[PDB]
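A note on names: the letters A, B, ... follow the listed sequences, proteins ahead of strands, and every chain is numbered from 1. Atoms within each ligand, like the ligands themselves, are counted from 1 in listed order.
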Amino acid sequence: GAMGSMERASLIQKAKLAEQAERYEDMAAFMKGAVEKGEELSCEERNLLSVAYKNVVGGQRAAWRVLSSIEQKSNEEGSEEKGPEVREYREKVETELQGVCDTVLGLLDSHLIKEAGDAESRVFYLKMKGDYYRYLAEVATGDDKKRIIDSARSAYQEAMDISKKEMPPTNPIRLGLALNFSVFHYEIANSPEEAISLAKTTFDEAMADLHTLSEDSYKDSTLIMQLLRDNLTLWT
Amino acid sequence: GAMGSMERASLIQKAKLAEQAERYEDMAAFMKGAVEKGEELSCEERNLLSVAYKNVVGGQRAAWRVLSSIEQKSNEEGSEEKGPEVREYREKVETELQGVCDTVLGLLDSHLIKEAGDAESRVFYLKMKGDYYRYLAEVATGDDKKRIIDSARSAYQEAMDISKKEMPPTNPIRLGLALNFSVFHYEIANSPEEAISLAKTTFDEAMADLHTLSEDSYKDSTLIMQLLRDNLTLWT
Amino acid sequence: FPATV
Amino acid sequence: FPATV
Ligand SMILES: *CC(=O)NCC1CCN(C(=O)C2(Nc3ccc(Cl)cc3)CCCC2)CC1
Ligand SMILES: *CC(=O)NCC1CCN(C(=O)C2(Nc3ccc(Cl)cc3)CCCC2)CC1
Ligand SMILES: [Mg+2]
Ligand SMILES: [Mg+2]
Ligand SMILES: [Mg+2]
Ligand SMILES: [Mg+2]
Ligand SMILES: [Mg+2]
Ligand SMILES: [Mg+2]
């Protein structure tokens, strides 16, 4: 694409600069370019990719929620109906969000996932695939909320199956996957019991494995465990 | 442009929605469209225009400062020189910033300023013209930092002359103009004494006029006076 | 809203 | 950095 003429190493370097500058749209474009070079990504590079798109889509999701809220309020009884603008603008943001999700899913399908041989890489990408189908699910309504939801579920499930076979219970990727799949169950699949069960089992199995960790690994794992606890506190 | 087919009232409404959604790039595009309808802007609409572009350019300026800092550090002795990437990316952000400034200056020149008959409108636009030349000045080096600086100065000066003739010393537009022109003197024109003198005289003349104000006007004026005091505290 | 990473 | 509006 537009990044075809830039060196891979230069794209990675610029993604890092863009992160420092809080220029996440640029960071995402640089990392898209890097992926499209066709080489596998290192752990650091996978993190850059995920941080970039998480920030971009995060902004879009926040905006969509504000707009959807206004739209809902404008459509109720006992105030005023004031034209197509709120719907139009929510739709515009929605379409842009869907576009970013499709871009990320495109990168994962062509060809990050299939080239990911190791557990750490494959679980990371399948978690991402689950996440970006989840974001699509958040805004879906028509002939396709169900198929989108199933696509999220399938990706998360495959990731979970690999993670349980190949990674210890404290592995941050395994923990983050479980955190997000738990949120999928609560917020998307209307499965709050599955959400709570998953968060609790993940937390407890991690607790029991903390003794094997260095101080630094401990810090990383416990950070995500706290997020599991935060969610459980919200839900129970 | 791309907004030519949208109703003026719809553009304004969407700018307001974009503000709520913290989508400042969209907000700026909507307000550009509104200006290009060719009608004068109301006070509320002028505020939307200024808020939008202030946020967009603010982000760019923050990013530019991070990048310039990294670039400066990478060019010094006793560490490492590591390629053209930091300069390239600072340049990219710089060019985008210059583009936004040129867009805003374009709107003011075609034709907001010339159609602005009243003091409140004309001072507001000339202040903006000063501000966007100031942002250009911040990143300027070559055959043109001086002419850019003079363009900022000329716009601010005309605004100041009108403001002193036509507005009371507590008028928020007059106050904000003086605040920014004072910063121009300190940060751009290497005139710290002029900066301090202007901030102090503006503050003192406003203080003496507060007695004429309602509680609400008082709140508005004193907010900006506090900014003058904050700057004076920084500089003295 | 719940936490995700 | 100084305040502007
Ligand atoms: C390459 C790699 O192994 N990346 C995972 C690494 C683990 C540590 N870490 C974190 O704990 C945070 N982010 C993520 C992101 C994705 C997953 Cl699957 C897990 C954790 C950093 C702040 C929140 C948790 C960074 C990424
Ligand atoms: C149409 C109009 O009169 N706009 C001015 C209005 C005055 C009150 N106000 C403020 O005090 C803040 N912003 C600005 C922006 C530009 C100027 Cl010239 C002065 C003040 C709001 C937060 C910071 C001060 C909003 C704009
Ligand atoms: Mg090469
Ligand atoms: Mg839609
Ligand atoms: Mg299970
Ligand atoms: Mg019309
Ligand atoms: Mg340049
Ligand atoms: Mg003077």
Side-chain angles (χ1 to χ4, degrees), chain A residues 14 17 21 26 83-85 88, chain B residues 1-15 30-42 45 57 60-61 63-72 75 84-102 123 126-127 130 132-133 135-150 152-167 169 174-175 177-186 188-189 191-206 228:
Chain A
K14 293 181 186 176
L17 291 170
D26 290 347
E85 290 86 357
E88 286 168 355
Chain B
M3 302 298 167
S5 61
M6 203 185 307
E7 288 280 15
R8 192 184 185 283
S10 297
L11 291 163
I12 298 300
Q13 180 178 352
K14 293 181 186 176
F30 292 139
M31 288 312 301
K32 179 176 188 289
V35 172
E36 288 172 351
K37 304 297 179 184
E39 301 270 35
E40 283 134 303
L41 298 186
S42 70
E45 293 164 353
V57 80
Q60 294 172 319
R61 289 160 77 206
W64 187 90
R65 288 168 185 171
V66 163
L67 299 170
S68 184
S69 179
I70 293 166
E71 183 181 11
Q72 284 176 66
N75 294 353
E85 290 86 357
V86 185
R87 175 188 52 76
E88 286 168 355
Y89 186 47
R90 186 264 305 154
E91 293 175 334
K92 176 190 182 291
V93 171
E94 186 173 299
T95 297
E96 187 192 293
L97 181 162
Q98 291 166 325
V100 171
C101 294
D102 290 338
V123 174
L126 285 167
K127 175 190 167 292
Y132 286 84
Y133 274 116
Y135 307 149
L136 289 172
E138 289 179 341
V139 306
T141 58
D143 278 8
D144 269 295
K145 201 183 171 177
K146 297 183 172 175
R147 260 184 287 265
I148 291 161
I149 287 172
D150 207 62
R153 183 207 55 73
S154 183
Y156 282 136
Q157 189 59 242
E158 186 177 348
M160 283 292 332
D161 294 345
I162 296 166
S163 79
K164 288 181 160 195
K165 189 178 164 62
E166 301 295 345
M167 299 171 162
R174 177 171 169 180
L175 294 177
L177 167 58
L179 182 74
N180 289 19
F181 190 25
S182 166
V183 168
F184 167 83
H185 287 307
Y186 197 91
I188 311 300
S191 295
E193 297 184 318
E194 188 70 18
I196 292 159
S197 190
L198 179 56
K200 183 54 158 40
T201 56
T202 304
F203 183 96
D204 288 345
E205 290 158 34
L228 292 160

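Among protein atoms, those of element N, O or S found less than 2.8 Å away from the Mg ion (ligand 7) are B/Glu94 OE2.
Taking the charged nitrogens against the carboxylate oxygens, B/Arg8 and B/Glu45 do have a contact shorter than 4.0 Å, which makes a salt bridge.
A 6.0 Å sphere centred on CD of B/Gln157 holds more than 12 heavy atoms belonging to other residues, nucleotides or ligands. Other residues, nucleotides and ligands place more than 12 heavy atoms under 6.0 Å from the NZ atom of B/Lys37.
Residues B/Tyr89 and A/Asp26 are in side-chain contact: their nearest non-hydrogen atoms beyond the backbone lie under 4.5 Å apart.
For B/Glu7, the N, O or S atom with the smallest separation from the Mg ion (ligand 6) is OE1.
The aromatic rings of B/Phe181 and B/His185 sit tilted, their planes meeting at an angle between 30° and 60°.
Legend: residues meeting side chain to side chain donor-acceptor pair (under 3.5 Å) with A/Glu88, ordered by chain and number and at least two apart, are B/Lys14.
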